[PDB]
2 protein chains.
Amino acid sequence: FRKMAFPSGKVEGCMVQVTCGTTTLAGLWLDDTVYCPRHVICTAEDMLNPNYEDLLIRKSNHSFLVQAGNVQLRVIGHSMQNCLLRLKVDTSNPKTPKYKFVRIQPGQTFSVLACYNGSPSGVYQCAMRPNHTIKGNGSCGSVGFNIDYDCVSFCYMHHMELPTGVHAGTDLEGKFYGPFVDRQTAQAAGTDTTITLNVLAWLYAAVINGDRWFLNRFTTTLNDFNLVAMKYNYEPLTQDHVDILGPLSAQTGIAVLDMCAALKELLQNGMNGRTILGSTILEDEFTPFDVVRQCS
Amino acid sequence: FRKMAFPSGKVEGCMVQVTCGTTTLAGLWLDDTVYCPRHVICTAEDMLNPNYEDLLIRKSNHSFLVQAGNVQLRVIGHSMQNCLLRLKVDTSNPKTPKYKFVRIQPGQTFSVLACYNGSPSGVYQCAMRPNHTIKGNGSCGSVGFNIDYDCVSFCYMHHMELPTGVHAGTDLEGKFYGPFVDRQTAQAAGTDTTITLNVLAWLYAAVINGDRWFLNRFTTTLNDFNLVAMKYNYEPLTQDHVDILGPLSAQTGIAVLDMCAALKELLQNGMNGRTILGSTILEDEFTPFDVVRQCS
């Protein structure tokens with residue numbers, strides 16, 4: 001069992017390099033528009049307290065060097081759309097896939113196409129944290145996506161590293177996830193928690209894959225489990241979460257509350273130097289939907 | 001810090017579905033040739049003791065349904081090339097990237113484009129184990145690759161799951177990694193070991209990323225470390241491995257043998273319930289080259 005991203009081909013065809021001043025970062029070229037973080041116009045000094053409207057007036061179309069692979073695109077318009085820079089180019093992308101802009105939820109996973117060394121360089125899978133951060137030099141940024149049947153659902157664009165090393169960004173409409181702004185100040189993240197629903201989902205995956213030792217013959221309750229969860233900084237389980245785990249519960253023959261009892265035991269008793277799916281930690285970056293999609 | 005694969009776009013354009021009988025699996029369409037595991041011609045019963053030459057004579061061109069996305073390719077020839085089925089089609093792939101066939105070495109990493117539910121479905125990074133296995137239902141197989149500048153280096157194609165759940169396959173010439181054959185028999189893997197060089201490389205990455213607690217003020221020697229390594233089923237360190245870690249040693253200011261002393265301590269003393277890069281286990285699936293490529 002492994003953490004796997006969606007194939008990145010369709011997103012690769014949309015990735016461009018946007019340069020303004022000394023700042024070079026990644027953009028998304030869809031039809032005749034390029035999207036990138038608006039702080040591309042900021043010197044690493046404007047970032048302290050940026051008046052973006054003011055800084056943008058100082059910019060013209062020629063302030064922006066947009067490079068699609070090894071073609072320089074001619075920029076014929078610029079505007080601000082929330083925290084995104086909206087760039088109009090003279091050519092519409094012939095590799096534009098069918099796409100939607102979705103705003104994902106805390107606990108939900110997505111694939112990331114990471115820009116390093118001035119181009120699309122790597123791909124990995126991650127989860128939006130309950131505190132709206134991302135655990136994701138020469139970074140030129142990154143695009144988050146899921147592939148929903150025939151369509152690319154763009155959900156994330158990287159903007160900032162916070163002083164703690166955790167990342168913040170926006171959806172593709174330019175609206176930040178969580179309480180964050182694109183300003184180099186003392187923005188503290190909310191206290192993070194483990195995504196319970198995902199941990200249970202991954203436990204089901206372990207059972208599918210042969211790891212059974214953590215199973216016991218006790219059950220629990222939503223009220224009891226959530227006390228334990230509160231203590232261990234886990235997300236509270238709701239009835240919605242239980243209903244979601246239905247298919248996996250049927251597949252394994254282990255009732256969701258029985259699996260919660262196994263988890264409760266694992267939090268209080270540890271793992272005694274054992275492994276679940278080659279892991280000594282409890283993994284929370286697989287949704288039930290990711291588990292279903294892998295087996296099978 | 002995260003395990004990331006190469007972007008998969010160039011490999012996605014080469015992936016086809018090859019059907020023979022009830023067996024459907026993934027092929028690689030390059031120019032006018034499709035490559036897939038030869039056991040596509042076997043019923044899950046021929047697999048016990050397959051005479052492949054004999055089974056192939058019974059097949060004709062019409063025995064093979066080759067589907068590129070949603071185009072059925074017409075197969076105009078078939079032959080066997082080691083453990084690969086070599087299929088000749090009437091159309092050469094217009095999405096053929098620049099590519100090489102490389103045979104990688106134990107300890108070396110590669111990206112995998114995994115075929116699930118009858119199409120390219122997922123992407124992840126992995127290492128060839130020292131015992132020539134892969135830690136990688138509805139599996140239709142998978143292609144292993146690195147992207148070496150402008151060129152795709154194909155290094156792996158999945159063939160078999162062994163009775164222990166570990167995977168075996170070939171390079172793209174059809175030659176198995178390790179002592180394995182494409183036959184459903186009692187093939188036991190060699191005893192696996194941890195890739196030392198990669199563990200040191202990842203420790204350097206931890207130091208780059210701020211984790212420093214495991215550093216001490218002792219050094220060790222190749223002869224001393226290798227006794228400890230033997231005991232803990234780690235690969236012996238060679239002078240080649242030390243020279244390879246040079247750039248990372250210079251970057252961090254930590255001499256390779258000093259880092260070995262930190263590792264030696266970690267093997268004998270554990271981690272006392274601490275973490276390195278969010279991990280309580282020692283990670284061996286990043287080469288020095290992967291670490292350099294990420295930071296930066």
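Throughout, protein chains are lettered first and strands after them, A, B, ... in sequence-line order, and every chain is numbered starting at 1. Heavy-atom basis, side chains included; hydrogens, waters and symmetry copies ignored.
Between B:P7 and A:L113, the closest side-chain pair of non-hydrogen atoms falls below 4.5 Å. Counting heavy atoms from C-beta on, the side chains of B:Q294 and A:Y116 come closer than 4.5 Å.
Heavy-atom distances place both the backbone and the side chain of B:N137 under 4.5 Å from chain A.
In this structure, B:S8 OG and A:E12 CD are separated by 5.5 Å, a value rounded to the nearest 0.5 Å.
In this structure, the side chain of B:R2 does not engage the main chain of A:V123 through any donor-acceptor pair within 3.5 Å.
Comparing A:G122, A:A5, A:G9 by how many heavy-atom pairs each has under 4.5 Å with chain B, the most go to A:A5.
Contact detail for A:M4 and B:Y124: the closest heavy-atom pair is CE-CD2, 3.7 Å.
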